[PDB]
Amino acid sequence: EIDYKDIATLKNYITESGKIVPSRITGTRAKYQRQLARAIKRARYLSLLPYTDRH
Amino acid sequence: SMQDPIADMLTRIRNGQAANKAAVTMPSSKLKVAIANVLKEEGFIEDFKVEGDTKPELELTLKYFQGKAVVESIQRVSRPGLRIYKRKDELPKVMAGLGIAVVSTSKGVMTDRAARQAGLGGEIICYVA
Amino acid sequence: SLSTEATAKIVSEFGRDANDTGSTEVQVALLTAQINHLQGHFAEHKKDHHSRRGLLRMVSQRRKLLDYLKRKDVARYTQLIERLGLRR
Amino acid sequence: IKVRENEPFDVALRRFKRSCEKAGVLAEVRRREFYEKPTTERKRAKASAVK
Amino acid sequence: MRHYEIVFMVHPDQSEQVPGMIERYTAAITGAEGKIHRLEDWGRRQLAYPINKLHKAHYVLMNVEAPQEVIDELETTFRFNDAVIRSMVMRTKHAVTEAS
Amino acid sequence: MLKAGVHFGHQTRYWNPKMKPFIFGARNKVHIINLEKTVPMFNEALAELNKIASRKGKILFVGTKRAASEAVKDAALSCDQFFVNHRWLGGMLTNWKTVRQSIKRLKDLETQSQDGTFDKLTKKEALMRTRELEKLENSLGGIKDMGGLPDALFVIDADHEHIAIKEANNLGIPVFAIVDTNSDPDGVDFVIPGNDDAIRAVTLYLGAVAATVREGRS
RNA sequence: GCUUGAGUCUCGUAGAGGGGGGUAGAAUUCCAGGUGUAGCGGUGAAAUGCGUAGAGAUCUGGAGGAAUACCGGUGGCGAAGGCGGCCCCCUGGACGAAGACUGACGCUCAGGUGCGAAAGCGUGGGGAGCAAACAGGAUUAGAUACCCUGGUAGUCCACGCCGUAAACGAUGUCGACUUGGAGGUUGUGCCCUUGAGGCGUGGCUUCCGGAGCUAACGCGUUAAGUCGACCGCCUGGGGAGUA
Ligand SMILES: [Mg+2]
Ligand SMILES: [Mg+2]
Ligand SMILES: [Mg+2]
Ligand SMILES: [Mg+2]
Ligand SMILES: [Mg+2]
Ligand SMILES: [Mg+2]
Ligand SMILES: [Mg+2]
Ligand SMILES: [Mg+2]
Ligand SMILES: [Mg+2]
Ligand SMILES: [Mg+2]
Ligand SMILES: [Mg+2]
Ligand SMILES: [Mg+2]
C-alpha cells in the first residue's frame, strides 16, 4: 500500500497462488487498490514476493 | 456564448415562469432594464430591481394569475444573426392587439401601442403575450 | 512545463514587476519560451504527435495574443517581436 | 492449487480448484482471441450485475 | 534536484564488493552535491522465487537526492556490472528515513 | 396550534419535489412536514368539507390497507358518510352505472341472509354463497346505498389511491385528502400534508373529519 | 474605460494521455540432454499429420519472438483514431484551493493545414503463436466453404506511403436557462480527525426518472427540454457515391 517493502501488510492482499485479490473481495477503496497493486508488482520484481506459487 | 443577452432575458423568464419560479435574476444593462420596464408597466411582471453597482443585477418578480403564469409566450424577433426594423405604418400587432410587441425607437424602448401613437418606429426587439 | 524559476525570471524581464503576470508581453514571452524549448523535444521523437498538439496550441495562443497587442499598442508590439526575436 | 492434506481421510477435499484456475482462465484462453467483443461481453456482465 | 529510492541486489559470490559499491555510489552522489537520506545494507536475503539459478541474494537499500545524470550513469554502471543481478531506481516525492 | 402529538412528518427519500412547499423536515434521513402549515389546512379542510355537509354531506371515506381498514369502517363509516376500506375496485365511480348492480347482488342476498332462501338449498351453497357475500361486503360495504351522489371524497393516502382520486378528478368531485411527503399533490383540491400510513394521523384527522360532517346544522 | 466572458501566474492531485530507452515473469514453438515406451494428435465420427532415427508424457539446461494473467472495475486518459506488466528520462492536456496580474484578448470557421483503427503498398530487417492465399484430409447431392492436418503474405521493428471503417452517442461546436432520486470516480473546506467517519463545495461518470419534447421507441440539468451564435449537410426509391 503506502509501500512495496511492506511485504507483511502486502501478503494479505494476495492468494496462495500469489494472485492479486480483487477490490470487491478485500472491500478496499479505488484510489488505494491501485496503489496496492503497484506496490505488489514492485515487490514481485524485486523477488520480495512470488509472481507464482510454482516454487 | 453570451452573444445575445436579450434572448437570454426573454428566456430566463420564459423558463423560470414555466418552473413556477417566484423571482429571477441575471446580469443587468441599460437595455435589459428599459424592457423590464415595459414588461412591468404592461403588467407581465410584478416589479423589477437592480441590485449591484460594478456587477449590476437585474431582478424580476414574476406573476401568476389563475394558476397559470402571466407571460404565456415571450420570443425574440430581432437578433444579432438577423436584425428586424419596421417603419411606423408597418409595425406588428401581437394576438390581434392583446399582448404586445417591444420596439426600440429613436425615442426609447416602448411598446407597439406606444410607438404607434408616437407616430414612429424602430427595431422590434421581441413579442410578448 | 518550464520552471518556476524560469517563468519567474521572465515575468520579471517583461512586465512591470513580478505580479504583473498576465501582461500581454509577458504571456507571449513565456509562451515563446516554451515553444522554443520544445523545438528540441520534437527534434528528437518527432512522432510525439499528441504533445505536438499542445505546442501548436501554444503557437496559436501566442499568435492571437500578439495580434491583440498590435491592435492595442503597436509601439509595444514591435518592441516585443524584436526583443523576443520573431516575425522575420 | 496446492493441497498437502495430512492424516485421517481419503477424500480429495480439493474444492480449491473451483475457486480460481481450471475452466476459469482456461476455458477462457482456449479459443477465439476475442479482442473487442470481450468489451461487448463484459458490457453485459455489468448490465447484468446491476440487478 | 530530485530524489529516488534505488535498491540494487547483488550476487552472493560478489557479496563483499558491496561495501566498495556503496562507498562508490555515495562518493559519486555526494560528489555532485547531492544528499543521501537513507542507507540499508540488508545483507543476504532469501528470494521469493529463484532468479538466475541460485536462491538467496544480497540486498541494499538507498534513498538519494541527486540530479538526473548521476542517476543515469548509475543505471548503466548497474548493467556494466554483471554482479548486480537486479536493480530498480524509483519514485521520489521528498526524502525518506527509517521504514523497512 | 399543533394538535397532532406524534404524527410530526414521515417518509425518507422517496420525496416528491412538488411537496417541498409543505416541508421543513430534515431529521435523520426523513422529512418532518411543516407542522405549522398543516393546521392552516384544517381551516379550509373541514370548512368547505362541512360547508357542504350541511348543504348535505355525501362523503366516501376512501382508505385501504390491512393496517387501518377497520379504523375507517368507524365513526368515519357511521355518520353522514360512506366509505371504502379495501382494494378500490377500479371504475367504481367512473363506471358506477356498472357496479350499481354489483350492489343489487349484495343486498339481494343479505336481504335473504336471515330472510328468503338461506339455510335451505345445500349446505354446500351455504358458506359457499356467503363467500359471495363476504367478498362483496368488503369493497362494496360503504357503498351499500349511495342516496346522494358521491359529493366530495376524503382519502387517506393520495397516491396509494391512484385510481380513486383520479376518477374524482374526472367526474368533478372535490377530493379532500392527506398527502405524505412522498405522494403527488395536485390530484387533491383540498390538500392535507403530514403522515398518511401511521395509526395516528389517521384516526386523528379521520376521526376529526367524522367530527364536522356528523355535525353542521343540527 | 470596466471585470463577470477569456487568458497569465502559485502549490498540489489523479490518470492504459503521447515519445524514447531499460527490464520482468508465465506460456507457446524450437534446440540440447535424463528418465520412460507405443502410441500421441485431432473430430460429431474420421482421416491427413506426428512417433521405434524413441514420439506424446515427465525433468533439466538453452535460444527466440510475441503479448502482458491476477489487479481490472457501466474504472481511468485522450480531439477523434485510440491508449493496460514494471522502471527511468522527455512531454501534452485536465482538475482543485487561495488570492494576484491582463482587460473582451471571445465564439464559430467555407478555404487551408494537421492527425487519423484495420487492411493494403515501398526498402530493409524481424518471425514464437496466429493466419488471407495455397496444399492435403473430411462433410456434402454438389462443398471452390463451414471442420481437420499443414501453412505464405500478413500480423512485429525502423523509415516513408495510403486517408478509409457501423471512423457510432449513427446525436456538430460554444454559451445561458429549466423538479428529482440511487450509485461510480476524482479534487478540496469545515467537525471532541478521537469511528472504519460527520456536514458541505468543485471536475468527470453510470443507472433511473419530472415537466417538457418525439411518429413512436425514446431523450430527459452529460437533453433529443427552453433559447441564441456560427459551420456542416438533407430534398422520393433505384441509377450512383456511379460516369
Ligand atoms: Mg521459457
Ligand atoms: Mg524448457
Ligand atoms: Mg502534465
Ligand atoms: Mg496523415
Ligand atoms: Mg498497420
Ligand atoms: Mg511491410
Ligand atoms: Mg485453416
Ligand atoms: Mg465515409
Ligand atoms: Mg431516462
Ligand atoms: Mg444527476
Ligand atoms: Mg441545445
Ligand atoms: Mg469514385
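Let me sum up the structure you'll find in this document. (Residues numbered from 1 in each chain as written, not as in the entry; some residues may be left out. Chains lettered and ligands numbered in written order. Part of a larger assembly, values for the part shown. Heavy atoms only, no water. Residues with missing side-chain atoms left out of burial classes, pairs and counts.)

1. What about the interface of chain E and chain A?
Across the boundary between the two partners, chain E contributes 18 residues, which contact 15 residues of chain A. The tally of links from chain E across to chain A stands at one salt bridge. The partner of A:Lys5 in a salt bridge is E:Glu5, with the nearest N and O atoms 2.8 Å apart. Summed over the shared surface of chain E and chain A, the result is eight residue pairs in polar contact. (Contact = heavy atoms within 4.5 Å. Salt bridge = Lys/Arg side-chain N within 4 Å of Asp/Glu carboxyl O. Polar contact = N/O pair within 3.5 Å; in protein donor to acceptor, adjacent residues only side chain to side chain.)

2. Focus on the protein's contact with RNA strand G
Surrounding RNA strand G, one finds 83 residues, the nearest of these being A:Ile20, B:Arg12, B:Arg14, C:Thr21 and C:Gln27. Each atom of RNA strand G within 4 Å of the protein was classed as base or backbone; sugar and phosphate made up 82%. Take A:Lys41: an N or O atom from its side chain is 2.7 Å from a base oxygen of RNA strand G. For RNA strand G, a sugar or linking oxygen lies 2.8 Å from a polar atom in the side chain of C:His41. Of the residues in the surface near RNA strand G, the class split is 22 nonpolar, 30 polar and 31 charged. (Near = heavy atom within 4 Å. Nonpolar A, V, L, I, M, F, W, Y, C, P; charged D, E, K, R; others polar.)

3. Digging into the side chain of F:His31
All names here are of chain F. With respect to the element layout, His 31 can be found in the segment before α1 (35–38). A distance of 3.1 Å separates a polar side-chain atom of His 31 from the backbone oxygen of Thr 12. Among all residues touching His 31, those that are not within four sequence positions of it are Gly 9, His 10, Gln 11, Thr 12, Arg 13, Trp 15, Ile 23, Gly 25, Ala 26 and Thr 181. (Helix = DSSP H or I, 4+ residues; strand = E, 2+ residues; numbered from the N terminus.)

4. Observations regarding the packing of aromatic side chains
Aromatic ring pairs are reported here in terms of the distance separating the ring centres and the angle at which the planes meet. All names here are of chain E. The tally for this structure, following the rule as stated, stands at seven aromatic pairs over all chains. Aromatic side chains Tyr 25 and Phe 78 sit 5.4 Å apart centroid to centroid with 80° between the ring planes, which places their arrangement in the edge-to-face category. Here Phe 78 lies in helix α2 (residues 70–80) and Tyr 25 lies in helix α1 (residues 18–31), a separation of 53 residues in the sequence. Classification of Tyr 25 by relative accessible area gives buried; the value is 5%. Put simply, the rings of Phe 8, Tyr 25 and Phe 78 pair up and form one aromatic cluster. (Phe/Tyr/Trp six-rings, centres within 6.5 Å; stacked < 30°, edge-to-face > 60°. Buried < 20%, exposed > 50% of the residue type's maximum accessible area, 1.4 Å probe, protein only.)

5. Considering the packing of helix α3 (residues 49–71) of chain C against helix α4 (residues 74–84) of chain C
Residues and elements named next belong to chain C. Relative orientation of the contacting elements α3 and α4 amounts to 135°, with a least axis distance of 6 Å. Between α3 and α4, the angle falls in the class oblique. Two secondary-structure elements touch here, α3 through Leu 66, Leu 69 and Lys 70 and α4 through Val 74, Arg 76, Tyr 77, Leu 80 and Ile 81. (Axes fitted to C-alpha atoms, helices over the stretch in contact; angles between N-to-C directions. Parallel < 35°, antiparallel > 145°, perpendicular 65-115°, else oblique.)

6. Looking at the environment of C:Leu55
Residues and elements named next belong to chain C. With respect to the element layout, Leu 55 can be found in helix α3. Relative accessible area serves as the criterion here: at 7%, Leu 55 is assigned to the buried category. The sequence separation of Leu 55 and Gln 39 amounts to 16 residues, and the corresponding C-alpha distance is 9.2 Å. In contact with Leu 55, not counting residues within four places along its chain, are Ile 35, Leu 38, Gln 39 and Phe 42.

7. Some words on the nonpolar core
Soluble, globular proteins show a tendency: their nonpolar side chains are buried together. With 29 residues, the main nonpolar core has F:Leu60, F:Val62, F:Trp88, F:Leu153, F:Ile165, F:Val175 and F:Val188 as its most contacted residues. Mapped by element, the contributors of at least two residues to this core are α4 (100–110) and α6 (162–171) of chain F. Core analysis: the second largest hydrophobic core is formed by 25 residues, B:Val24, B:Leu39, B:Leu62 and B:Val102 among them. (Core = buried A, V, L, I, M, F, W, Y, C linked by side-chain atoms within 4.5 Å.)

8. A look at the pairing of strand β7 (residues 123–128) of chain B
Residues and elements named next belong to chain B. By the criterion of burial, β7 is predominantly enclosed, with five of the six residues buried. In this sheet, β7 lies alongside strand β5 (residues 100–105) in antiparallel orientation, the contact comprising four bridges. From the neighbouring strand, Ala 101 faces β7, where its bridge partner is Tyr 127. (Pairing = 2+ DSSP bridges.)

9. What about the pattern of salt bridges?
What the rule picks out here adds up to 23 salt bridges over all chains. Linking B:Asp4 and B:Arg76 is a salt bridge whose minimum nitrogen-to-oxygen distance equals 2.7 Å. Placement of B:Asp4 in the segment before α1 (5–18) and of B:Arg76 in strand β4 (residues 74–76) is noted, with a sequence separation of 72 residues between them. The pair B:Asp4 / B:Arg76 is uniform in exposure class, with both members buried. Residue F:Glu215 pairs with F:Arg217 through a salt bridge whose shortest N-O separation is 3.9 Å. For F:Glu215, a relative accessible area of 46% gives the class partly exposed. Judged by relative accessible area, F:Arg217 falls into the partly exposed class, the value being 36%. In this structure, a network of salt bridges that share partners links the residues A:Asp3, A:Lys5, E:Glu5 and E:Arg38.

10. Some remarks on the sheet that holds strand β6 (residues 108–110) of chain B
Each strand in a sheet pairs with its neighbour through backbone hydrogen bonds, running either in the same direction (parallel) or in the opposite one (antiparallel). All names here are of chain B. Spatial ordering of the open sheet is given by β4-β7-β5-β6, a layout of four strands whose pairing is antiparallel. The open sheet has two edge strands with one neighbour each: β4 and β6. Pairwise comparison of adjacent strand axes, ignoring direction, gives a mean angle of 20° for this sheet. The sheet contacts of α1 involve β4 and β7, and relative to β4 the element is tilted by about 160°.

11. Side note on α4(F)
Residue and element names in this part refer to chain F. Where α4 is concerned, the buried positions are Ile 103, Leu 106 and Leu 109. Within α4, the buried residues cover an arc of 140° as seen down the axis, which keeps them to one side. In the core, the buried residues of α4 are packed alongside α5 (127–137). Within two residues after α4, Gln 112 carries a phi angle of roughly 135°, on the positive side. (Arc of directions from axis to C-beta.)

12. Comments concerning the sheet that holds strand β3 (residues 57–61) of chain B
Residues and elements named next belong to chain B. An order of β1-β3-β2 is seen for the three strands of this open sheet, with the pairing classed as antiparallel. Only two strands of the sheet have a single partner each, and these edge strands are β1 (23–27) and β2 (48–50). The mean inter-strand angle of the sheet, taken between neighbouring strand axes irrespective of direction, is 20°. Relative to β3, β2 runs antiparallel, the two being bridged by three bridges. Its bridge partner lying in β3, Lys 49 is registered against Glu 59. This element, helix α2 (residues 30–41), spans β1, β2 and β3 of the sheet and lies at about 10° to β3.

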